[PDB]
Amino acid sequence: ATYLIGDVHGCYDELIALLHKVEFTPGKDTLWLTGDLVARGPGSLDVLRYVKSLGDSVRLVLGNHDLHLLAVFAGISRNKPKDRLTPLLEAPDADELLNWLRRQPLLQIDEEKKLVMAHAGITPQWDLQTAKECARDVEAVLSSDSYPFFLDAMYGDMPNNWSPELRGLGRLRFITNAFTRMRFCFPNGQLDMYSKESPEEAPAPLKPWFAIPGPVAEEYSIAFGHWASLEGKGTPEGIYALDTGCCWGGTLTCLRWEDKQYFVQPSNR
């Protein structure tokens, strides 16, 4: 079976309880995770250990908090006490865990399921070939010995409009923001980097990225996490918002792909 789970955010107990609920069995089953494995919840260390141990039985995409953890680890960014990352950062296997984490994809595609996953979704300004090329470019910098330079360069809110003519720092920053920070778009598809509210609470003319028809969404289902204030609701057919806010006191959500059946684990917080 194929299971897809939204942002775990260190909620190790809830993740294991949910997987036991569906009798997740590596070798028979595959787990897709929308990223943001770490921060806020108490068990980022156990989450990373477990997910890495799954190997080919898990298909991960990196989220914005995963990238922030890598930035903290590399000395690029300051650790925030609220993220509860110190046990992971101080673990004897921190190097092993985080060097694995930075090699994971930003984008997962299953052609037989016609299924695409990224942390925040797929901007309507991207077709599939462009999404693939951009994911490959940023994954290459993240997997390289020089990844702290990219992590430092990734921070920024501009440019917010895609063009194949983009080059250099702006190209990487847009790619990173589209895959891991996107929520709202202007009517032309341009990213808004400030509003984090629910669609009903957002100011005009902002619309959810998935409310703007784009070539990937027209052919593929898209699963994503990230947007907790969406609460997994209000999406069109073929769009699966899996982040139901477990670390925030909401729930951890698991979708079984074969029958589109949902399983929910309440937050222990």
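Just count from 1 along the sequence shown to find any residue number.
Mean CA B-factor, 187-195 versus 71-79: the higher value falls on 187-195. When the two stretches 117-125 and 164-172 are set side by side, the higher mean Cα temperature factor goes to 164-172. Listed residues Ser44, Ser229, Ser221, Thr34 were ranked by CA B-factor as deposited; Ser229 comes out on top. In the PDB entry, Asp110 places in the lowest third of its chain by CA B-factor.
Remark: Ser146 belongs to the highest third of its chain, ranked by C-alpha B-factor as recorded. The deposited CA B-factor of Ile212 belongs to the highest third of values across its chain. Among the modelled residues of its chain, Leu98 has a C-alpha B-factor that falls in the lowest third, as given in the PDB entry.
Among the modelled residues of its chain, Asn268 has a C-alpha B-factor that falls in the highest third, as given in the PDB entry.
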